[PDB]
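Chains A and B, in that order, are what the protein sequence lines are.
Letter by letter, the first sequence follows residues 1583 to 1599, 1612 to 2007, 2065 to 2094, 2100 to 2289, 2300 to 2332 in PDB author numbering.
Letter by letter, the second sequence follows residues 13 to 474, 538 to 667 in PDB author numbering.
The beta carbon of each residue, even a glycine, is placed where N, CA and C say it ideally should be.
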Amino acid sequence: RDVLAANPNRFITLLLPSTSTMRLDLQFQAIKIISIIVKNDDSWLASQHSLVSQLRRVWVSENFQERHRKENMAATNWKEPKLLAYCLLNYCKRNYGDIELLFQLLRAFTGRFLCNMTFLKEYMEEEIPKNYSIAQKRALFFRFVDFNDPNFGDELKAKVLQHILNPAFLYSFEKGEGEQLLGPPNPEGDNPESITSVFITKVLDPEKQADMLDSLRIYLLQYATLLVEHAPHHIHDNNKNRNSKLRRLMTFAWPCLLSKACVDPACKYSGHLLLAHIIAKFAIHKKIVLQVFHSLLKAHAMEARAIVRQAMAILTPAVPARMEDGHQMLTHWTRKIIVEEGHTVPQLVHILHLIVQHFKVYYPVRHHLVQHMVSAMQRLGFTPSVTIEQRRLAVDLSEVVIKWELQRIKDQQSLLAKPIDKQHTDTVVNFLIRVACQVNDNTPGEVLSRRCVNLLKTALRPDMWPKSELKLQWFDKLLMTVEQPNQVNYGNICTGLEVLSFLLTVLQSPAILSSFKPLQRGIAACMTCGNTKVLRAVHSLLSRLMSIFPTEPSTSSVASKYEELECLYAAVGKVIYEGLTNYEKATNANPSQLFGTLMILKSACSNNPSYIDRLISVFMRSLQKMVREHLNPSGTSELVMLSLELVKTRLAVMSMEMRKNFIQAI
Amino acid sequence: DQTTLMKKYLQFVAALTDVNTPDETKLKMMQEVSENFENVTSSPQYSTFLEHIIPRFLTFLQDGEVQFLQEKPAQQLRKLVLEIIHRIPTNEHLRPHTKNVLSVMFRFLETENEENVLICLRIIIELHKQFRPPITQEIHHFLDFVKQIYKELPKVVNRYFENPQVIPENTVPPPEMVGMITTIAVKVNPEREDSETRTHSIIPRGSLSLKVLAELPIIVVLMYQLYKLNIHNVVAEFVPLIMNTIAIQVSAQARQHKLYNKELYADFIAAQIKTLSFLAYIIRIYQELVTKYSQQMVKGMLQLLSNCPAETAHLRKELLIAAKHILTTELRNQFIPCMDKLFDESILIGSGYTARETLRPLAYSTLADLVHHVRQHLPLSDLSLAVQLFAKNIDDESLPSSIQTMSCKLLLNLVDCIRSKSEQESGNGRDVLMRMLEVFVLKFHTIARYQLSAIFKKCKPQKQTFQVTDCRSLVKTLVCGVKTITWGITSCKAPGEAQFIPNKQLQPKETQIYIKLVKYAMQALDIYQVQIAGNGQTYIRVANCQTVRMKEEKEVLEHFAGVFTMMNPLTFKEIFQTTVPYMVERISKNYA
């Protein structure tokens, strides 16, 4: 390698000035040898200026970039641009002043080579901000400004801004070197040392704007956003009566507010993001703020969603902080767009997403928005063919209303402090119940169901909305589906039963009695199905209900002293009796047949130990059959333990023969 | 008093038909009426309010002369009335007036301006979606009007693009010579340079506006859904019109003219893409007739892809979705000759910024499905082009990991096709297989170096879950692809070889490639160490544990061994003599 390195002029003959095939092979061999020497000697190439000049000549040449972009898949030389870029990068690492050769390395990113160029990107994004000094970063910027090369198009300058200038300046601002890097805060734009002044005057020159490629404009707007956010003082001093630089920067942004129909959306909304940052930093007139806000509200297109969301996140807090009637303007424009538009779904969902994201800002104007919010929530949640994202958005709006009431409770612990109108709480609770019971899948929406259940549990508290209305009649239809064995959403049934048990803990006893009367048919229907999950859910529901209202003792003729419980408790008793009698009768059956019967009986005896005195003989014979099946063959153990726990205290009721069999036999 | 307020609005509505009332007074009254529809709909009097206002609104709209100037107060009043009718809630109270409103709107579609026609079309869509009225003659007259527009489209194209007309200066042109809403300025007195200045905006005729043509196909699809059994034979007439529409291209000379309008061309391309979406909806129903005309369809949609503007990313997205739907049908066979162009990324994705960032996954997924279905018919050159494109996709870190996995799977599937076509051609199939193997090895290196280092850095001692699952899927696909490519290499006749032999000792460069494969893949297979706990923690499992509990790791490691066990013994010996010290070090670090 030392012998090869002693004569760099040998390589210059091999770098290119059926014979052409040989010359390209020799060039590839030369570049590979140089790459090996560079790898083994990091400092060698930094001095070989003529060799690096010819390597640059090869790298920027049209034929080289064409041939490697337009390769045949079987081309042997596919490694060549990686090695040539590696050599040029090695040269640039030690020679910082060669900014021109550093910029030519970005031709690797304009194409799509079949070699991983990640090392160039890594160097440019990480090492340049870390290693280069403030003076060298200024040299980078001033070389980008005056780069008048015909073969260096707008896309290459976009690559420069994306990979070199923006990361370096972001790192410098994060470290705090902004004052030194920008230089003097020249209010008058003439001083050639002021980075912001030369940027706004030369780079943003309106005469250049015409042929501006969208990528270059986008990254110029990102650089201007960095300048505004990190260094507002350099852009505009609020003490100055007038500043031209702010006006010219807004003028560069302003074409995005034009209502043209063929503009790449990323460029337009990047300009809106720059205007949003300017508005946040500087006391801009009301009309500009409102125009930007209205144009971002109308930005429901999917293509530029992220940039619009960023711009709105910047601007929405700024509006109340900017003008004395910011809340009123927020209310006015949000209401106007929600009403006069929203016949198209995407616009409405865009505005509702914005409301959800910035609910804290909208809080002092909650009372106006809440009606439209709940109406749109119901519409989106119940219109045919709801997409899961749309249903999630509706649940998000419900959560927003609940969080607003949490904030009201926190504040209270006067039109801004007054509570929400009760009817909105009622419709939010009912929508939450309905969506929670519906959204479960028949075979994911389960997560949204669980979220809705938790949200309902928070909505119904001793402080949040106690004694809300409820619309439970629809449960009758839902639970009756259990009767139909063709297709039934068992998850919906389980969620509904859980919600019902929660309502039993929430509601007052007279309200429980009044509300549960229609449910009786649905609950009774559940106790019959063979699904264990539904059996357990209905067991918990009946346990809570019968704990609130115990079954009648003494084998009284009425199934309950409450008419609203009479039919349900009659069905409970009938199903227990029929299950025990069937298991007694069965010529051959698994104990699993008892499972639902046993759970229902356990629920019926939870707050009434005497209840089994009705069934003592048939239950004891069923227990004998269970023990016999268990001793002479997994749920059987559970059923035997449950049965033993039921009769453990009813010895005085059993006959002498039954008592003797139970103690000395079972 | 809400009753007095409703009576006041009723008086305003009655004053709308009055001739004496000033136009600005009517505009203010109707602006006030529009804002207060929230209050009116609450009261039960809203039904009587509708019964009073809707006939009056329809009467006023019917009586008025069709305006075409946007700044005219009469035009603004007509637009506000139409928007008020549109804003009216679609509950059961609207049902009695629905027939009359639909008839009135269908009559305006034939004669009114773009703004009004677009609003009327929106009203028609909403009413037909909500209420679904039975079929009437107005529906057939609408379908005939749409067919007439489709037939008139070449004349519109010629008039605006091919032979543009210079609007006389300081004059107000008739609406039939403007293609879109155009603003003009007029000085009252042309005798002097200084005179009173007035500005006007001209709205094109709804029968010539291309925005209406863009909005039409969704209405045809909706009415086909509602009236499938009745208008089935009528929709069959649209198919040749659809093919002719998508076949139309603006000449290169017209685009270079001094009077060329870019926004009008964007609207025209939007109309063509909407027509292609209509075709993609009806492609499965009328497949025989569509098949008869498919030869022009291939050209038309290839030209739509070439000509879609870079700035209009939404149009490109809709075009790609429509193409994806169409290619699912048998018609994809017609694209076999032309796929050499369809691999051009400029054709498929274009040069737009938003298109390049967002839509590349959709474009490559559509093209991958096409290639996968067609692959047995593609020649060697087309297979090589597809390999080159999806190989370039493998390395590309801008694409999501799902697309990279899809491209790896595509190359895997292509391998046997490449073998068969190279055996028929006696071509260079083994060379492209070697290039694919090299791309896979470089992918293992990239995952080992960049991605796995980041995953481990993000771990802590006991979307990151997504990154781990996609890394696992990508590594599994890479192993399977390497095994398939190895099977292909050992089953191909070499370029210029005399005859195939059932196994052959690989050349030293191939052996070096497989050695690098061992080195890199043994690092890449460390992804299976990273567990995903239910708490959200991603942790590296204990290093000294050879008892793998996952079947996926066992299967992928057995397949990784399957790569080398099919090789000639001397090649296996050469590779593993070198690699075994490293393999033992990797086993020490990862006992799996």
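A distance below 8 Å between beta-carbons, with the five flanking residues on each side excluded, links residue 2181 of chain A to the following residues of its chain, in chain order: 2135, 2136, 2138, 2139. For the stretch 256-278 of chain B, the set of residues with a beta-carbon nearer than 9 Å to any beta-carbon of chain A comprises 274, 275, 277, 278, in chain order. Here the stretch 163-171 of chain B makes contact with the stretch 249-266 of chain B; the two share three or more CB pairs at distances below 8 Å. Only exposed fits residue 576 of chain B, as fewer than 16 other CB atoms lie within 10 angstroms of its CB. Secondary structure note for residue 385 of chain B: its alpha helix (DSSP H) is the uninterrupted segment 372-386. Ranked by how close their Cα comes to the Cα of residue 82 of chain B, the residues B/43, B/123, B/661, B/128 have B/128 in first place. Pairwise C-beta distances place the stretch 1640-1653 of chain A out of contact with the stretch 424-438 of chain B, as fewer than three of them are shorter than 8 Å. With a threshold of 8 Å between beta carbons, residue 1806 of chain A makes no contact with chain B.
Scanning its chain for C-beta atoms nearer than 8 Å, with the 5 sequence neighbours on each side dropped, one finds around residue 359 of chain B the residues 314, 317, 318, 353, in chain order. Taking residue 641 of chain B as the centre and dropping the five residues before and after it, the same chain places the C-beta of 561, 562, 565 closer than 7 Å to its C-beta, in chain order.
Look at residue 1710 of chain A: its C-beta is under 8 Å from a C-beta on chain B. Around the CB of residue 655 of chain B, fewer than 16 other CB atoms lie within 10 Å, so the residue is classed as exposed. In this structure the stretch 42-55 of chain B does not lie against the stretch 174-186 of chain B, because fewer than three pairs of beta carbons, one per stretch, are closer than 8 Å.
For residue 1816 of chain A, no beta strand (DSSP E) segment is defined; the enclosing uninterrupted segment is the alpha helix (DSSP H) at 1808-1824. For residue 396 of chain B, the nearest CB of chain A lies under 8 Å from its own CB, placing it at the interface with that chain. In the three-state reduction of the DSSP assignment, residue 125 of chain B falls in the strand class. DSSP places residue 2314 of chain A in no beta strand (DSSP E); its state is neither H nor E. The contact set of residue 321 of chain B on chain A, defined by CB atoms closer than 8 Å, consists of 1856 in chain order.
Annotation: residue 1588 of chain A to residue 1642 of chain A spans about 10 Å, alpha carbon to alpha carbon.
Taking residue 290 of chain B as the centre and dropping the five residues before and after it, the same chain places the C-beta of 229 closer than 6 Å to its C-beta, in chain order. DSSP places residue 210 of chain B inside the beta strand (DSSP E), whose first and last residues are 209-214. Across the stretch 1689-1706 of chain A, CB contacts with chain B closer than 7 Å involve 1706, in sequence order along the chain. If you look at residue 1659 of chain A, you'll find it in the alpha helix (DSSP H) that goes 1656-1663. With contacts defined by Cβ atoms closer than 8 Å, residue 2283 of chain A and residue 2306 of chain A form a contacting pair. Comparing alpha-carbon positions, the option among B/138, B/266, B/57 lying closest to residue 113 of chain B turns out to be B/138. When C-beta atoms of the stretch 1713-1731 of chain A are compared with those of the stretch 1752-1765 of chain A, three or more pairs fall below 8 Å, so the two segments count as touching. Contact annotation for residue 1675 of chain A against chain B: no contact, minimum CB-CB distance about 13 Å [criterion: below 9 Å].
If you draw a straight line from the Cα of residue 140 of chain B to the Cα of residue 282 of chain B, it comes to about 24 Å.
Looking at the DSSP output, residue 607 of chain B shares a beta bridge with B/613. Considering only A/1974, A/1744, A/1705, A/1680, the residue with the shortest C-alpha distance to residue 1716 of chain A is A/1680. When C-beta atoms of the stretch 1741-1752 of chain A are compared with those of the stretch 1795-1813 of chain A, three or more pairs fall below 8 Å, so the two segments count as touching. Interface residue (Cβ-Cβ distance to chain A less than 8 Å): residue 440 of chain B is classified as such. For residue 1667 of chain A, at least one C-beta of chain B is nearer than 8 Å to its own C-beta.
DSSP, reduced to helix, strand and coil, places residue 2237 of chain A within a helical segment of the structure shown. When DSSP assignments are scanned along the stretch 1726-1758 of chain A, the uninterrupted stretches of alpha helix (DSSP H) that are 4 or more residues long and fall wholly within it turn out to be 1728-1739, 1748-1754. Residue-level contact by beta carbon fails for residue 1889 of chain A and chain B, as no gap is shorter than 8 Å.
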